[PDB]
């Protein structure tokens, strides 16, 4: 499915951090573009750890999911580099990075309208996936990328894209899934094979909580055992201090998966504010 990119056409530059069994770099791809123009394009290079090569299928299936459909709110995958012993996903480089970092850095100048616009865009991307019956499986603020900053001077809203989910929770070790509470929904802690469209509605709620909490991580003070007991006791997240979306967050984070609202209903709710 994926376009194969030669290792020789890729330059690896600085490490940007780590994902689950991955290391992430900024790089450059040399390519021929439209009209035969030569380009040296900034790219995100996502590299599967050699020690976890056994996850390669799920590693690439994540990307393949995103590239099944084309949409203005979904990250572009340029291709893969599987030369030699490396498993590399090549993705569009998104200048302003992921939303959790951006929210933490830019608290003082992010207001409720900015959060509402971003929430609406994420809901639009999820409605598109839901209409296509395509599960994402790892909606969270780290996987939302800021393409364009809000410019109140020209009325331009911010613009985000949803990035790929990474290796699926259906294959990850149990301890990692538990560390990912409360993004991973309770039914998936009970049985990771319970991954379903309803999964994304729960994680969407958790992500809205991040958006409203300046990039804080919900339940970060709880170790894994306490996160588990949080689900066992059927707790909900505290309302963010900016609590405008708190009812929507809790409605999405419904312990009954069948009761979680459709993304059309979610969008209708967002539009009402």
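Residue numbers count along the first chain shown, from 1. Between two forms, the rigid core is the largest collection of C-alphas that superpose within 1.5 Å.
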Core-aligned, which moves more in 4 other deposited structures of this protein: 62-70 or 200-208, by CA RMS?
-> 62-70
Average Cα temperature factor in the PDB entry - higher stretch of 70-78, 110-118 | 110-118
Look up the CA B-factors in the entry and say which stretch, 263-271 or 1-9, has the higher mean.
-> 1-9
Based on what the PDB entry reports, which of 130, 164, 200, 151 has the top C-alpha B-factor?
-> 151
Top Cα B-factor in this entry, restricted to 45, 212, 51, 222, sits on 51
Entry-reported Cα temperature factor of residue 230, expressed as the chain third it lands in = highest
Once the chain's modelled residues are ordered by C-alpha B factor and cut into thirds, is residue 83 in the lowest, middle or highest one?
-> highest
Third of chain Cα B-factors occupied by residue 206 | lowest
Would you check the entry's CA temperature factor for residue 36 and let me know if it's in the chain's lowest, middle or highest third?
-> highest
Divide the modelled residues of the chain into thirds by Cα B-factor and specify which third, lowest, middle or highest, holds residue 173.
-> highest
